[PDB]
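We count residues from 1, following the sequence as given.
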Amino acid sequence: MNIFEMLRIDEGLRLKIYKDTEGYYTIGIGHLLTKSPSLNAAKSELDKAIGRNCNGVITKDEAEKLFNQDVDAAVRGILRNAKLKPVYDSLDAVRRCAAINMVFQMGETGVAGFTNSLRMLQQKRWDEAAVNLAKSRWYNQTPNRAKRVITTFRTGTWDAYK
Ligand SMILES: CCc1ccccc1
Ligand SMILES: [Cl-]
């Protein structure tokens, strides 16, 4: 298991514009296009991202290239953020994947607000961090996704994904 397989399981793959759990236009492996309610705005964002006139549909190769860019961007966002980087650098490789997963889903800004969880993770207080992570809108709105990610932080294993 690696971060790409983990996120592919959590996000799935759709080659036509779809709406995510919050109602936002998305494509591929969880690539957010826009928060605007306008499908035309989403189609324009897609064409800009891919570099051709897509009319709302992409190929599998295009979806996988966008996915690679999005994972790269999530990692860079962690490494540039003075609050996230020290915690990330303190984690083992499996728990680092759980960190990237959260940033991919919620953004650098959203995860950086989980201040109390971050401190517990840096101190390696895994059970306490798991309870704190679950006291969140995130857990209440996407509980199965959140349970898999939290279990990965708690155990440092891939067992939730196997
Ligand atoms: C709150 C999970 C996390 C930890 C470290 C870095 C990013 C995200
Ligand atoms: Cl869920």
Side-chain angles (χ1 to χ4, degrees), residues 1-85 87-89 91 93-114 117-118 121 133-134 136-153 157-162:
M1 285 280 308
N2 58 60
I3 183 56
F4 293 96
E5 293 175 357
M6 184 197 207
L7 281 167
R8 172 66 173 79
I9 291 167
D10 284 333
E11 298 290 341
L13 169 68
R14 298 187 70 167
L15 301 179
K16 310 180 180 299
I17 295 175
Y18 65 99
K19 289 180 180 179
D20 76 0
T21 67
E22 303 285 340
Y24 298 135
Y25 290 122
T26 306
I27 199 158
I29 307 162
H31 181 82
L32 174 65
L33 288 167
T34 181
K35 295 184 179 177
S36 168
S38 164
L39 181 59
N40 281 343
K43 285 181 171 190
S44 180
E45 288 300 306
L46 179 62
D47 290 354
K48 175 163 60 78
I50 304 294
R52 66 180 181 86
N53 196 327
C54 296
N55 196 31
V57 175
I58 62 173
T59 70
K60 185 170 175 294
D61 284 350
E62 285 167 345
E64 289 163 354
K65 186 169 179 180
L66 277 184
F67 184 42
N68 198 337
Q69 290 173 9
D70 288 343
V71 172
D72 189 298
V75 173
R76 289 198 182 263
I78 290 168
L79 297 175
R80 280 193 275 93
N81 186 295
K83 282 189 52 173
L84 300 180
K85 184 182 187 299
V87 184
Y88 183 81
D89 283 349
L91 297 171
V94 178
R95 293 184 171 95
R96 281 177 185 172
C97 290
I100 299 166
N101 194 307
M102 291 188 73
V103 171
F104 188 100
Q105 183 181 4
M106 295 182 317
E108 159 197 7
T109 310
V111 177
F114 275 58
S117 311
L118 288 169
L121 290 168
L133 285 163
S136 60
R137 181 183 184 273
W138 172 58
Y139 180 88
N140 282 284
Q141 299 297 133
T142 54
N144 285 328
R145 165 75 167 272
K147 286 175 191 180
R148 291 193 289 277
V149 173
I150 293 172
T151 295
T152 308
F153 274 129
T157 74
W158 290 113
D159 288 353
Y161 288 85
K162 298 183 181 295

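Residues satisfying the side-chain hydrogen bond (donor to acceptor under 3.5 Å, both in side chains) criterion with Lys65, sequence neighbours excluded, are absent altogether. Residues passing the side-chain hydrogen bond (donor to acceptor under 3.5 Å, both in side chains) test with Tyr24, sequence neighbours excluded: none.
Rounding to the nearest 0.5 Å gives a distance of 11.0 Å between NZ of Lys85 and CD1 of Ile78. Note that CG of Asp10 is 10.0 Å distant from CG of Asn144, once rounded to the nearest 0.5 Å. Of the inter-residue distances, the one linking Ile100 atom CD1 with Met102 atom CE reads 12.5 Å to the nearest 0.5 angstrom. Here CG of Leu32 is found 6.5 Å from CG of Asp20. Values are rounded to the nearest 0.5 Å. The CG atom of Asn53 lies 4.5 Å from the CG atom of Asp47; values are rounded to the nearest 0.5 Å. Note that NZ of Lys83 is 11.0 Å distant from CD of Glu108, once rounded to the nearest 0.5 Å.
Tested against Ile17, the residues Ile27, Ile58, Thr26, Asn55 include a single side-chain contact (heavy atoms from CB on, under 4.5 Å) partner, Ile27.
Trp158 has its side chain within reach of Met6: a pair of non-hydrogen atoms, C-beta onward, lies under 4.5 Å apart. Side-chain contact between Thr21 and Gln141: absent, with no pair of heavy atoms (C-beta onward) separated by less than 4.5 Å. Using a 4.5 Å cut-off on side-chain heavy atoms (C-beta onward), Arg96 and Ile3 make no contact. Looking only at side-chain heavy atoms (C-beta outward), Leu15 and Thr59 stay at 4.5 Å or farther from each other. Using a 4.5 Å heavy-atom threshold, the side chains of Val111 and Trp138 count as separate. Using a 4.5 Å heavy-atom threshold, the side chains of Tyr139 and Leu133 count as separate. Looking only at side-chain heavy atoms (C-beta outward), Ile50 and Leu66 come within less than 4.5 Å of each other.
Residue pairs meeting the side chain to side chain donor-acceptor pair (under 3.5 Å) criterion with at least one member in residues 31-41, sequence neighbours excluded, are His31-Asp70.
Taking both residues in full, the closest heavy atoms of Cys97 and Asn2 are given as SG-C, 4.4 Å, listed atom of the first, atom of the second, then distance. Contact between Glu11 and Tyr18 at its shortest, heavy atoms only, is O-OH, 4.3 Å. Heavy-atom minimum distance, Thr142 versus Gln105: OG1-NE2, 3.4 Å. Minimum interatomic distance between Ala112 and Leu84 (heavy atoms only, all atoms of both residues): CA-CD2, 3.8 Å. Listed here is the closest heavy atom pair of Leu91 and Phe153: CD1-CE2, 4.2 Å. Across all their heavy atoms, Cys54 and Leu46 have their closest contact at CB-CD2, 3.9 Å.
A salt bridge is defined here as a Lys NZ or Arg NE, NH1 or NH2 lying under 4.0 Å from an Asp or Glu carboxylate O, and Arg8 with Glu5 fails to meet this definition.
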What's the verdict on side-chain contact (heavy atoms from CB on, under 4.5 Å) for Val94 and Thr157, showing C-alpha distance, side-chain angles and the deciding distance?
CA-CA 6 Å; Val94 178; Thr157 74; 5.7 Å; no
Evaluate the criterion side-chain contact (heavy atoms from CB on, under 4.5 Å) for residue pair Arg95 and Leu121; output intermediate values, then yes/no.
CA-CA 10 Å; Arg95 293 184 171 95; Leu121 290 168; 5.8 Å; no
Output, in order, the C-alpha distance, side-chain angles, deciding distance and verdict of side-chain contact (heavy atoms from CB on, under 4.5 Å) for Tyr25 and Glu45.
CA-CA 10 Å; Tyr25 290 122; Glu45 288 300 306; over 6 Å; no
Check the pair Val149 / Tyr161 against side-chain contact (heavy atoms from CB on, under 4.5 Å), numbers first and verdict last.
CA-CA 9 Å; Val149 173; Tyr161 288 85; 3.8 Å; yes
